Amino acid sequence: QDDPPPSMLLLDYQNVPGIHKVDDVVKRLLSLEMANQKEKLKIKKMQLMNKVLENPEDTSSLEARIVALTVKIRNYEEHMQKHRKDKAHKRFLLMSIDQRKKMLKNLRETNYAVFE
Amino acid sequence: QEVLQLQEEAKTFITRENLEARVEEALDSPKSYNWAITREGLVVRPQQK
Amino acid sequence: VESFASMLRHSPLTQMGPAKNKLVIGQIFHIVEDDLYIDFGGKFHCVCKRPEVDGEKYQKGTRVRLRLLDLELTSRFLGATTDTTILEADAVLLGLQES
Amino acid sequence: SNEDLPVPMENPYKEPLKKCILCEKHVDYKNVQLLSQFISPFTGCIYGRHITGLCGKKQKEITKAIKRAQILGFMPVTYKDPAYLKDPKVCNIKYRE
Amino acid sequence: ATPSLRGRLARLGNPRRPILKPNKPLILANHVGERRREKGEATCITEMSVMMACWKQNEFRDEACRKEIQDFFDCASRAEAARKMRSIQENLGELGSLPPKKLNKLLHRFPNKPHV
Amino acid sequence: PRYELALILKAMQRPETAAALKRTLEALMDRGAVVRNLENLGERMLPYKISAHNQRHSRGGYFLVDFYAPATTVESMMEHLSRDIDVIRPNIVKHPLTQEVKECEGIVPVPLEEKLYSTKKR
Amino acid sequence: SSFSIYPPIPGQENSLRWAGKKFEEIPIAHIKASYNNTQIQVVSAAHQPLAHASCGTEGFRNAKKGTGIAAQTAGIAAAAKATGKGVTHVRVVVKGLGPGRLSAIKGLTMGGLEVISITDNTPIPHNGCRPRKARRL
Amino acid sequence: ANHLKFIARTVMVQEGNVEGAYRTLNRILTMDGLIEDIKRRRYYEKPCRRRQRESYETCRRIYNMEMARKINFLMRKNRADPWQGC
RNA sequence: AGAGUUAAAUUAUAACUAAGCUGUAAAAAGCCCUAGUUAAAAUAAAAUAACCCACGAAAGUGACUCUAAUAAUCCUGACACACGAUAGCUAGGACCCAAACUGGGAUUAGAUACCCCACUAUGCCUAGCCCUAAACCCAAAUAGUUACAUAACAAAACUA
Ligand SMILES: [Mg+2]
Ligand SMILES: [Mg+2]
Ligand SMILES: [Mg+2]
Ligand SMILES: [Mg+2]
Ligand SMILES: [Mg+2]
Ligand SMILES: [Mg+2]
Ligand SMILES: [Mg+2]
Ligand SMILES: [Mg+2]
Ligand SMILES: [Mg+2]
Ligand SMILES: [Mg+2]
Ligand SMILES: [Mg+2]
Ligand SMILES: [Mg+2]
Ligand SMILES: [Mg+2]
Ligand SMILES: [Mg+2]
Ligand SMILES: [Mg+2]
Ligand SMILES: [Mg+2]
Ligand SMILES: [Mg+2]
Ligand SMILES: [Mg+2]
Ligand SMILES: [Mg+2]
Ligand SMILES: [Zn+2]
């Protein structure tokens with residue numbers, strides 16, 4: 001499991017200059033400690049795309065869509081581990097898994113090395 | 001600009017040193033958010049009373 | 001030979017534009033006991049009421065001033081394929097040819 | 001070849017759209033004086049659109065703010081505050097005839 | 001104003017669940033409904049109460065109190081006059097509103113167009 | 001400002017209000033939150049008689065505490081404030097300033113709906 | 001003659017007196033007007049019951065007490081009992097909707113009590129307890 | 001219960017006028033919809049009947065508003081006909 | 001889907017007053033440990049706003065706050081997978097109020113029904129099942145057209 005640091009200085013306040021020169025309060029406020037779950041999802045998606053994909057700009061690609069759906073699948077599994085009686089999120093997770101499997105089949109049929 | 005805007009606000013935050021001063025200042029500086037409207041669409045405030 | 005578009009572009013109605021709160025000159029062509037049929041001249045004839053001041057001075061053919069409100073009163077209702085024309089116009093009386 | 005033909009242009013006589021009394025305003029749950037103008041002084045009912053005259057967003061926002069304030073402990077539910085009773089009338093409902 | 005009607009009925013082009021279920025089709029008729037008879041109410045009840053107060057207090061004799069007997073007759077005469085004259089006056093004129101006989105003829109002059 | 005606390009404290013003396021505010025802000029800071037400002041709304045008559053801590057409260061002082069806190073400590077702060085005997089009713093909501101005021105465009109004229117019935121002649 | 005129908009809340013500095021007393025000291029008359037009975041009870045400002053009179057106590061019967069005359073007689077009896085204890089002005093608080101609603105209110109005036117204010121305190125549950133099922137199945 | 005008494009739904013009579021004060025209070029209640037709500041809450045209504053009542057009331061209100069708008073629009077043509085005998 | 005909160009009404013519970021309260025077209029039965037007012041937890045539900053038409057695949061959802069969050073760079077597609085109102089079952093807890101059933105009271109030739117009273121399962125929470133509806137908006141999904149053209153009614157006729 002990935003361990004995003006709470007002081008990660010999330011992407012919305014990471015590529016701008018002068019982030020490390022401010023005091024600790026500004027960095028703590030702009031870090032993942034004060035962020036929601038969506039910011040952590042964006043950070044995880046960025047980190048996974050930077051290491052698994054070869055062209056991070058190519059978002060429409062099948063591999064990029066597979067990575068994006070895998071992030072959501074992991075998030076839905078984490079939500080399900082807490083909520084047992086939630087049926088809408090279970091349906092969302094199952095249909096996301098089915099869509100990811102269909103895209104994996106299409107990727108295997110189109111480009112085998114990328115699928116592997 | 002957001003980082004610079006937050007930099008200015010970081011000076012006025014409440015901390016351990018400023019807790020005693022801020023409590024006394026709040027206890028002596030009341031604030032009111034009440035303001036009414038009119039049919040024309042203009043805001044009115046009761047602070048003029 | 002003058003063209004229809006050319007004369008329509010110079011027509012007074014085209015210059016008037018919208019018929020909201022516009023001062024126009026009309027001539028009364030019919031008289032009732034309390035209602036006056038004033039033909040402002042655009043398309044239809046409006047109906048006004050005789051005022052208390054100088055009421056006797058309003059006769060057939062008298063020219064008056066109007067503040068036109070709507071050129072033609074049409075509106076849609078439930079189950080109506082088209083509008084319900086009133087065959088009149090909406091206008092008010094201000095004076096009688098002040099000159 | 002005619003230069004007097006109409007041109008397919010935008011309507012110049014387009015009147016501005018009517019705005020709600022709180023159009024481009026900030027609605028809050030802490031301005032009890034503002035929230036009381038939309039409630040009945042005698043019963044406390046929240047006036048509808050036909051009484052207030054607010055465009056689609058501000059009516060729902062005012063309703064939500066009133067419901068939040070009535071439970072957070074800022075505005076009474078059964079009646080309007082007599083302190084804010086003397087506010088200018090914005091609703092279009094008349095009781096006494 | 002008139003409540004909105006868009007997206008209320010069940011039609012082929014309507015994608016959502018219908019909101020309004022008309023008992024009869026919403027077509028504007030060419031005649032208004034006839035004014036329901038305003039059931040008459042008992043009159044001079046207050047006068048009769050103060051008239052019977054004399055009878056209950058003075059052991060049912062008209063020589064004790066006379067004004068409470070004469071005002072009851074005056075109220076009865078006024079109620080009879082109101083029953084007679086107003087039953088014609090209100091049917092002749094309704095001030096702001098028009099009589100249904102005139103309203104039907106006015107609507108027939110400018111009827112609705114369900115067809116064409 | 002991220003979160004807003006509408007603190008309804010019991011109507012008490014000035015030093016007791018100061019001590020209650022000091023300890024409440026200390027507890028909020030201990031959970032990992034920085035308090036932006038402290039706004040006092042004044043001591044007003046309560047809209048209704050609030051029953052809390054086996055006490056019937058008729059008055060109360062209103063305070064506005066805007067701060068930045070992680071999403072995980074909101075419940076812990078709520079539980080801590082629930083057991084405070086000097087708090088009439090604690091409430092933590094989202095600060096109204098974080099929601100941008102979108103363009104209230106106005107009353108868009110909605111035309112009367114048509115073609116809801118066939119052209120059959122009655 | 002600037003007269004406002006709003007009640008004189010004690011938090012204001014209004015100067016209105018009835019028989020030398022303020023609005024907060026004037027006795028109360030609770031009139032519960034049910035669909036089958038009308039109970040009128042006169043209490044003091046200190047919530048001390050002074051006069052109590054109802055249609056059932058007025059010697060009526062099952063369907064005899066449901067009419068408005070029963071409410072009028074109960075109001076007259078309650079007014080007589082209250083005036084026996086020396087009261088002039090009273091604030092009427094109406095509870096429930098029934099046939100004897102206005103008749104009970106006017107009964108106090110008929111029996112010799114002056115009404116200064118009418119307050120409609122009808123129990124309106126915000127969808128609380130489930131009421132009984134509808135009749136005429 | 002928790003609110004202060006003699007504030008909500010309170011009407012002060014003027015010059016001893018009780019009959020008109022009761023009418024004013026009843027007009028307050030009817031315009032606030034309290035009378036109809038009290039009459040409806042005497043017996044419980046099922047959601048199936050509540051939806052039908054709401055739909056019927058909305059349709060009736062729309063029809064009445066449209067009829068009144070048409071009557072007001074056609075009120076101009078109520079004048080005496082000047083072309084009688086044509 | 002979780003956690004926290006309650007504005008009105010109602011009730012267990014105490015104090016003053018009365019002998020009546022409730023009950024229907026009318027009565028009777030029931031309660032007089034009753035009724036009216038002043039205070040009062042727990043449970044259940046969530047007036048106006050709503051003349052709003054939004055969310056969710058559907059069922060379904062509108063008292064408030066916080067957290068997670070509402071698939072698909074978006075065709076159709078099962079007997080496979082996952083849901084699925086109310087009603088019913090199991091174990092535990094809760095029970096103001098409503099009420100199947102039942103027991104009394106009216107009417108009825110008869111009334112094991114419609115009218116009134118009392119009460120149970122049940123409606124509530126947790127976990128496990130059952131997988132049924134006029135689950136209807138009786139109108140399948142995907143992208144479109146106003147061409148030809150009204151069996152009748154109704155929500156107009158139609159394309160790949
Ligand atoms: Mg949908
Ligand atoms: Mg039908
Ligand atoms: Mg049946
Ligand atoms: Mg649960
Ligand atoms: Mg309560
Ligand atoms: Mg109990
Ligand atoms: Mg008996
Ligand atoms: Mg509610
Ligand atoms: Mg989607
Ligand atoms: Mg599919
Ligand atoms: Mg059980
Ligand atoms: Mg029962
Ligand atoms: Mg039996
Ligand atoms: Mg039970
Ligand atoms: Mg069950
Ligand atoms: Mg089920
Ligand atoms: Mg359904
Ligand atoms: Mg079917
Ligand atoms: Mg299909
Ligand atoms: Zn607006």
# chains A, B, ... in the order shown; residues from 1 in each chain; ligands from 1
>>> closest_atom_pairs(of="chain E", to="ligand 2", cutoff="12 Å", atoms="only C-alpha atoms and all ligand atoms", output="Markdown table")
| residue | atom | partner | partner_atom_place_in_ligand_line | distance |
| --- | --- | --- | --- | --- |
| E:21 | CA | ligand 2 | 1 (Mg) | 9.0 |
| E:22 | CA | ligand 2 | 1 (Mg) | 7.7 |
| E:23 | CA | ligand 2 | 1 (Mg) | 5.2 |
| E:24 | CA | ligand 2 | 1 (Mg) | 6.6 |
| E:25 | CA | ligand 2 | 1 (Mg) | 9.2 |
>>> select_by_dssp(residues="chain F", states="helix (DSSP H, G or I)", output="list in words")
residues 14, 15, 16, 17, 18, 19, 20, 21, 22, 23, 24, 25, 26, 27, 28, 29, 30, 74, 75, 76, 77, 78, 79, 80, 81, 82, 96, 97 and 98 of chain F
>>> atom_distance(atom1="CA of residue 71 in chain F", atom2="CA of residue 28 in chain F")
13.3 Å
>>> atom_distance(atom1="CA of residue 75 in chain C", atom2="CA of residue 110 in chain E")
11.6 Å
>>> closest_residue(among="I:137, I:152, I:109, I:26", to="ligand 18", atoms="only C-alpha atoms (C1' of nucleotides) and all ligand atoms")
I:137
>>> residues_around(residues="range 72-86 of chain E", least_positions_apart="5", cutoff="10 Å", atoms="only C-alpha atoms (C1' of nucleotides)", output="PyMOL selection string")
chain E and resi 40+42-51+67+91-92
>>> write_last_selection(atoms="N, CA, C and O atoms", output="JSON list (two decimals), in the first residue's frame")
[["chain", "number", "residue", "atom", "x", "y", "z"],
["E", 40, "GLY", "N", -77.17, 29.95, 2.29],
["E", 40, "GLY", "CA", -77.51, 31.03, 3.23],
["E", 40, "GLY", "C", -77.26, 30.64, 4.68],
["E", 40, "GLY", "O", -77.48, 29.46, 5.02],
["E", 42, "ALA", "N", -77.84, 31.46, 8.96],
["E", 42, "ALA", "CA", -78.82, 32.02, 9.89],
["E", 42, "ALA", "C", -78.43, 33.44, 10.29],
["E", 42, "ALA", "O", -77.26, 33.72, 10.57],
["E", 43, "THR", "N", -79.41, 34.33, 10.33],
["E", 43, "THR", "CA", -79.19, 35.73, 10.63],
["E", 43, "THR", "C", -79.84, 36.11, 11.96],
["E", 43, "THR", "O", -80.72, 35.40, 12.47],
["E", 44, "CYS", "N", -79.38, 37.23, 12.51],
["E", 44, "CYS", "CA", -79.92, 37.80, 13.75],
["E", 44, "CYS", "C", -79.80, 36.83, 14.92],
["E", 44, "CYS", "O", -80.63, 36.84, 15.84],
["E", 45, "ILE", "N", -78.77, 35.98, 14.91],
["E", 45, "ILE", "CA", -78.54, 35.08, 16.04],
["E", 45, "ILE", "C", -78.17, 35.87, 17.28],
["E", 45, "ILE", "O", -78.66, 35.59, 18.39],
["E", 46, "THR", "N", -77.31, 36.88, 17.13],
["E", 46, "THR", "CA", -76.94, 37.72, 18.26],
["E", 46, "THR", "C", -78.14, 38.48, 18.80],
["E", 46, "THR", "O", -78.31, 38.61, 20.02],
["E", 47, "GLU", "N", -78.99, 39.00, 17.91],
["E", 47, "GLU", "CA", -80.20, 39.69, 18.35],
["E", 47, "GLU", "C", -81.15, 38.75, 19.07],
["E", 47, "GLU", "O", -81.75, 39.13, 20.08],
["E", 48, "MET", "N", -81.31, 37.52, 18.57],
["E", 48, "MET", "CA", -82.16, 36.55, 19.23],
["E", 48, "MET", "C", -81.62, 36.16, 20.60],
["E", 48, "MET", "O", -82.40, 35.92, 21.53],
["E", 49, "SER", "N", -80.29, 36.09, 20.75],
["E", 49, "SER", "CA", -79.72, 35.77, 22.05],
["E", 49, "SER", "C", -80.05, 36.84, 23.08],
["E", 49, "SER", "O", -80.49, 36.52, 24.20],
["E", 50, "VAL", "N", -79.89, 38.12, 22.73],
["E", 50, "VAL", "CA", -80.21, 39.18, 23.68],
["E", 50, "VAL", "C", -81.72, 39.34, 23.86],
["E", 50, "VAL", "O", -82.16, 39.84, 24.90],
["E", 51, "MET", "N", -82.52, 38.92, 22.87],
["E", 51, "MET", "CA", -83.97, 38.90, 23.07],
["E", 51, "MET", "C", -84.37, 37.83, 24.07],
["E", 51, "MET", "O", -85.20, 38.08, 24.96],
["E", 67, "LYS", "N", -86.86, 47.03, 24.09],
["E", 67, "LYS", "CA", -85.89, 47.31, 23.04],
["E", 67, "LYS", "C", -85.31, 46.03, 22.45],
["E", 67, "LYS", "O", -85.11, 45.95, 21.23],
["E", 91, "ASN", "N", -76.82, 39.12, -8.67],
["E", 91, "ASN", "CA", -76.97, 38.43, -9.94],
["E", 91, "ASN", "C", -76.91, 39.37, -11.13],
["E", 91, "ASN", "O", -76.51, 38.95, -12.21],
["E", 92, "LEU", "N", -77.28, 40.64, -10.95],
["E", 92, "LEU", "CA", -77.17, 41.63, -12.01],
["E", 92, "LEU", "C", -75.74, 42.12, -12.17],
["E", 92, "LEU", "O", -75.22, 42.19, -13.29]]
>>> residues_near_ligand(ligand="ligand 17", cutoff="9 Å", atoms="only C-alpha atoms (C1' of nucleotides) and all ligand atoms", output="PyMOL selection string")
chain I and resi 59-60+85+133+135-136
>>> write_last_selection(atoms="N, CA, C and O atoms (P, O5', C5', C4', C3', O3' and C1' of nucleotides)", output="PDB file, in the first residue's frame")
ATOM      1  P     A I  59     -37.808   3.971  -9.566  1.00  0.00           P
ATOM      2  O5'   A I  59     -37.955   3.037  -8.284  1.00  0.00           O
ATOM      3  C5'   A I  59     -38.819   1.910  -8.293  1.00  0.00           C
ATOM      4  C4'   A I  59     -38.535   0.991  -7.132  1.00  0.00           C
ATOM      5  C3'   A I  59     -38.653   1.612  -5.749  1.00  0.00           C
ATOM      6  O3'   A I  59     -39.987   1.658  -5.271  1.00  0.00           O
ATOM      7  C1'   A I  59     -36.621   0.425  -5.899  1.00  0.00           C
ATOM      8  P     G I  60     -40.674   3.064  -4.899  1.00  0.00           P
ATOM      9  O5'   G I  60     -39.575   3.828  -4.033  1.00  0.00           O
ATOM     10  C5'   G I  60     -39.197   3.360  -2.746  1.00  0.00           C
ATOM     11  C4'   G I  60     -37.842   3.888  -2.349  1.00  0.00           C
ATOM     12  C3'   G I  60     -37.804   5.331  -1.866  1.00  0.00           C
ATOM     13  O3'   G I  60     -38.169   5.469  -0.504  1.00  0.00           O
ATOM     14  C1'   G I  60     -36.106   5.004  -3.466  1.00  0.00           C
ATOM     15  P     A I  85     -36.356  -3.491  -1.099  1.00  0.00           P
ATOM     16  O5'   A I  85     -37.396  -2.363  -0.677  1.00  0.00           O
ATOM     17  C5'   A I  85     -37.206  -1.015  -1.080  1.00  0.00           C
ATOM     18  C4'   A I  85     -38.508  -0.257  -1.088  1.00  0.00           C
ATOM     19  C3'   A I  85     -39.465  -0.581   0.046  1.00  0.00           C
ATOM     20  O3'   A I  85     -39.135   0.121   1.231  1.00  0.00           O
ATOM     21  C1'   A I  85     -40.640  -0.505  -2.020  1.00  0.00           C
ATOM     22  P     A I 133     -44.694 -10.417  -8.681  1.00  0.00           P
ATOM     23  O5'   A I 133     -45.355  -9.103  -8.073  1.00  0.00           O
ATOM     24  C5'   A I 133     -45.596  -7.964  -8.885  1.00  0.00           C
ATOM     25  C4'   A I 133     -46.436  -6.940  -8.164  1.00  0.00           C
ATOM     26  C3'   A I 133     -46.602  -5.605  -8.872  1.00  0.00           C
ATOM     27  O3'   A I 133     -47.608  -5.636  -9.867  1.00  0.00           O
ATOM     28  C1'   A I 133     -46.036  -5.232  -6.608  1.00  0.00           C
ATOM     29  P     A I 135     -47.069  -0.399  -9.736  1.00  0.00           P
ATOM     30  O5'   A I 135     -45.960  -0.982 -10.717  1.00  0.00           O
ATOM     31  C5'   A I 135     -45.222  -2.144 -10.368  1.00  0.00           C
ATOM     32  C4'   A I 135     -43.750  -1.842 -10.232  1.00  0.00           C
ATOM     33  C3'   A I 135     -42.894  -2.109 -11.459  1.00  0.00           C
ATOM     34  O3'   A I 135     -42.958  -1.067 -12.417  1.00  0.00           O
ATOM     35  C1'   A I 135     -41.840  -3.015  -9.548  1.00  0.00           C
ATOM     36  P     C I 136     -43.011  -1.416 -13.984  1.00  0.00           P
ATOM     37  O5'   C I 136     -44.038  -0.354 -14.578  1.00  0.00           O
ATOM     38  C5'   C I 136     -43.631   0.981 -14.860  1.00  0.00           C
ATOM     39  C4'   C I 136     -44.803   1.931 -14.861  1.00  0.00           C
ATOM     40  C3'   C I 136     -45.298   2.359 -13.481  1.00  0.00           C
ATOM     41  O3'   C I 136     -45.804   3.691 -13.555  1.00  0.00           O
ATOM     42  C1'   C I 136     -47.040   1.264 -14.632  1.00  0.00           C
TER      43        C I 136
END
>>> interface_residues(of="chain G", to="chain H", cutoff="8 Å", atoms="only C-alpha atoms", output="PDB file with N, CA and C atoms, in the first residue's frame")
ATOM      1  N   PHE G   3     -51.882  51.898  16.205  1.00  0.00           N
ATOM      2  CA  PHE G   3     -52.138  50.638  16.887  1.00  0.00           C
ATOM      3  C   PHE G   3     -51.575  49.493  16.059  1.00  0.00           C
ATOM      4  N   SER G   4     -50.785  48.636  16.700  1.00  0.00           N
ATOM      5  CA  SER G   4     -50.190  47.475  16.058  1.00  0.00           C
ATOM      6  C   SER G   4     -50.769  46.201  16.660  1.00  0.00           C
ATOM      7  N   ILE G   5     -51.093  45.238  15.793  1.00  0.00           N
ATOM      8  CA  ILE G   5     -51.676  43.977  16.249  1.00  0.00           C
ATOM      9  C   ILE G   5     -50.666  43.059  16.915  1.00  0.00           C
ATOM     10  N   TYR G   6     -49.378  43.372  16.829  1.00  0.00           N
ATOM     11  CA  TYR G   6     -48.368  42.522  17.441  1.00  0.00           C
ATOM     12  C   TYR G   6     -48.452  42.615  18.964  1.00  0.00           C
ATOM     13  N   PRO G   7     -48.219  41.510  19.677  1.00  0.00           N
ATOM     14  CA  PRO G   7     -48.330  41.548  21.132  1.00  0.00           C
ATOM     15  C   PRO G   7     -47.226  42.389  21.744  1.00  0.00           C
ATOM     16  N   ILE G   9     -44.455  42.386  23.650  1.00  0.00           N
ATOM     17  CA  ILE G   9     -43.439  41.527  24.254  1.00  0.00           C
ATOM     18  C   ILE G   9     -42.779  42.269  25.411  1.00  0.00           C
ATOM     19  N   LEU G  97     -59.222  23.173  16.743  1.00  0.00           N
ATOM     20  CA  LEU G  97     -60.224  23.691  15.818  1.00  0.00           C
ATOM     21  C   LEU G  97     -61.511  22.905  16.032  1.00  0.00           C
ATOM     22  N   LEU G 102     -65.385  30.209  17.999  1.00  0.00           N
ATOM     23  CA  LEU G 102     -65.760  31.609  18.179  1.00  0.00           C
ATOM     24  C   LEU G 102     -66.877  31.779  19.202  1.00  0.00           C
ATOM     25  N   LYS G 106     -66.787  34.446  22.304  1.00  0.00           N
ATOM     26  CA  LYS G 106     -67.806  35.466  22.534  1.00  0.00           C
ATOM     27  C   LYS G 106     -68.607  35.209  23.804  1.00  0.00           C
ATOM     28  N   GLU G 114     -63.746  41.187  29.268  1.00  0.00           N
ATOM     29  CA  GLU G 114     -63.193  41.927  28.144  1.00  0.00           C
ATOM     30  C   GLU G 114     -62.004  41.169  27.571  1.00  0.00           C
ATOM     31  N   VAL G 115     -62.042  40.918  26.267  1.00  0.00           N
ATOM     32  CA  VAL G 115     -60.964  40.241  25.560  1.00  0.00           C
ATOM     33  C   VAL G 115     -60.050  41.308  24.976  1.00  0.00           C
ATOM     34  N   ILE G 116     -58.760  41.224  25.294  1.00  0.00           N
ATOM     35  CA  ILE G 116     -57.790  42.209  24.830  1.00  0.00           C
ATOM     36  C   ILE G 116     -56.951  41.615  23.707  1.00  0.00           C
ATOM     37  N   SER G 117     -56.773  40.296  23.724  1.00  0.00           N
ATOM     38  CA  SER G 117     -55.920  39.631  22.752  1.00  0.00           C
ATOM     39  C   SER G 117     -56.373  38.190  22.583  1.00  0.00           C
ATOM     40  N   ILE G 118     -56.313  37.703  21.346  1.00  0.00           N
ATOM     41  CA  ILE G 118     -56.646  36.322  21.017  1.00  0.00           C
ATOM     42  C   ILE G 118     -55.393  35.662  20.462  1.00  0.00           C
ATOM     43  N   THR G 119     -54.946  34.597  21.120  1.00  0.00           N
ATOM     44  CA  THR G 119     -53.778  33.838  20.696  1.00  0.00           C
ATOM     45  C   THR G 119     -54.215  32.442  20.278  1.00  0.00           C
ATOM     46  N   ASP G 120     -53.863  32.054  19.057  1.00  0.00           N
ATOM     47  CA  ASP G 120     -54.203  30.739  18.522  1.00  0.00           C
ATOM     48  C   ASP G 120     -53.042  29.796  18.811  1.00  0.00           C
ATOM     49  N   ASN G 121     -53.186  28.987  19.854  1.00  0.00           N
ATOM     50  CA  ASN G 121     -52.193  27.977  20.213  1.00  0.00           C
ATOM     51  C   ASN G 121     -52.799  26.615  19.885  1.00  0.00           C
ATOM     52  N   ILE G 124     -49.615  21.807  16.416  1.00  0.00           N
ATOM     53  CA  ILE G 124     -49.271  21.476  15.037  1.00  0.00           C
ATOM     54  C   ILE G 124     -48.005  20.627  15.057  1.00  0.00           C
ATOM     55  N   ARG G 130     -47.854   9.429  14.624  1.00  0.00           N
ATOM     56  CA  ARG G 130     -48.762   9.048  13.550  1.00  0.00           C
ATOM     57  C   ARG G 130     -50.203   9.142  14.031  1.00  0.00           C
ATOM     58  N   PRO G 131     -51.057   9.934  13.383  1.00  0.00           N
ATOM     59  CA  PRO G 131     -52.462  10.002  13.804  1.00  0.00           C
ATOM     60  C   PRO G 131     -53.242   8.760  13.405  1.00  0.00           C
ATOM     61  N   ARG G 132     -54.534   8.739  13.723  1.00  0.00           N
ATOM     62  CA  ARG G 132     -55.362   7.579  13.439  1.00  0.00           C
ATOM     63  C   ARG G 132     -55.622   7.450  11.939  1.00  0.00           C
ATOM     64  N   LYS G 133     -56.120   6.280  11.548  1.00  0.00           N
ATOM     65  CA  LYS G 133     -56.421   6.015  10.152  1.00  0.00           C
ATOM     66  C   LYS G 133     -57.667   6.779   9.712  1.00  0.00           C
ATOM     67  N   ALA G 134     -57.797   6.943   8.400  1.00  0.00           N
ATOM     68  CA  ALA G 134     -58.925   7.662   7.831  1.00  0.00           C
ATOM     69  C   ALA G 134     -60.205   6.844   7.941  1.00  0.00           C
ATOM     70  N   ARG G 135     -61.316   7.545   8.143  1.00  0.00           N
ATOM     71  CA  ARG G 135     -62.622   6.913   8.216  1.00  0.00           C
ATOM     72  C   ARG G 135     -63.184   6.692   6.814  1.00  0.00           C
TER      73      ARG G 135
END
>>> interface_residues(of="chain F", to="chain I", cutoff="9 Å", atoms="only C-alpha atoms (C1' of nucleotides)", output="ChimeraX atom specification")
/F:71-72,74-75,78-79,89,91-94,116-120
>>> write_last_selection(atoms="N, CA, C and O atoms", output="tab-separated table (two decimals), in the first residue's frame")
chain	number	residue	atom	x	y	z
F	71	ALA	N	-9.90	16.73	7.98
F	71	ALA	CA	-11.24	16.16	7.95
F	71	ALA	C	-11.44	15.05	8.97
F	71	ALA	O	-12.58	14.65	9.22
F	72	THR	N	-10.36	14.54	9.57
F	72	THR	CA	-10.48	13.40	10.47
F	72	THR	C	-10.72	13.82	11.92
F	72	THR	O	-11.19	13.01	12.72
F	74	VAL	N	-12.69	16.41	12.95
F	74	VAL	CA	-13.95	17.12	13.17
F	74	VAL	C	-14.81	16.38	14.18
F	74	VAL	O	-15.37	16.99	15.10
F	75	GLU	N	-14.93	15.06	14.04
F	75	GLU	CA	-15.67	14.25	14.99
F	75	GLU	C	-15.04	14.26	16.38
F	75	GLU	O	-15.78	14.33	17.37
F	78	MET	N	-15.97	17.47	17.90
F	78	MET	CA	-17.39	17.44	18.26
F	78	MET	C	-17.62	16.65	19.54
F	78	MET	O	-18.37	17.11	20.42
F	79	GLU	N	-16.99	15.48	19.68
F	79	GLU	CA	-17.12	14.70	20.90
F	79	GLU	C	-16.54	15.42	22.11
F	79	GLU	O	-17.12	15.36	23.20
F	89	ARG	N	-24.47	24.54	22.93
F	89	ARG	CA	-24.64	23.75	21.72
F	89	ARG	C	-23.48	23.99	20.75
F	89	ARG	O	-23.43	25.04	20.10
F	91	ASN	N	-21.38	23.43	17.27
F	91	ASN	CA	-21.69	23.07	15.88
F	91	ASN	C	-20.51	23.43	14.99
F	91	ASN	O	-20.05	24.58	15.00
F	92	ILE	N	-20.04	22.46	14.23
F	92	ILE	CA	-18.93	22.63	13.30
F	92	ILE	C	-19.47	22.45	11.89
F	92	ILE	O	-19.99	21.37	11.55
F	93	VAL	N	-19.37	23.49	11.07
F	93	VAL	CA	-19.83	23.47	9.70
F	93	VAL	C	-18.70	23.92	8.79
F	93	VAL	O	-17.61	24.27	9.25
F	94	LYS	N	-18.96	23.91	7.49
F	94	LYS	CA	-18.02	24.49	6.54
F	94	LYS	C	-18.15	26.01	6.52
F	94	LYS	O	-19.26	26.56	6.57
F	116	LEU	N	-48.08	19.45	-25.62
F	116	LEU	CA	-48.35	18.41	-24.64
F	116	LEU	C	-49.57	17.57	-24.99
F	116	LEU	O	-49.81	16.55	-24.33
F	117	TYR	N	-50.34	17.97	-25.99
F	117	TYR	CA	-51.52	17.23	-26.41
F	117	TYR	C	-51.61	17.25	-27.93
F	117	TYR	O	-51.05	18.13	-28.59
F	118	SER	N	-52.32	16.27	-28.47
F	118	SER	CA	-52.46	16.13	-29.92
F	118	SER	C	-53.38	17.21	-30.47
F	118	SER	O	-54.10	17.90	-29.74
F	119	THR	N	-53.38	17.36	-31.80
F	119	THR	CA	-54.19	18.35	-32.49
F	119	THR	C	-55.58	17.82	-32.82
F	119	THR	O	-56.23	18.32	-33.74
F	120	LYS	N	-56.04	16.81	-32.09
F	120	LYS	CA	-57.36	16.23	-32.33
F	120	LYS	C	-58.44	17.26	-32.02
F	120	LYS	O	-58.35	17.99	-31.03
>>> decode(residues="range 51-58 of chain C", atoms="C-alpha atoms", output="compact mmCIF listing (two decimals), in the first residue's frame")
# COMPACT_ATOMS: atom_id res chain seq x y z
CA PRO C 51 -60.71 61.87 -19.19
CA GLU C 52 -62.43 64.19 -16.72
CA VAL C 53 -60.51 67.24 -18.00
CA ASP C 54 -61.64 68.70 -21.35
CA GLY C 55 -63.82 65.66 -22.00
CA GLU C 56 -66.15 67.56 -24.33
CA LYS C 57 -63.20 68.56 -26.54
CA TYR C 58 -62.77 64.94 -27.73
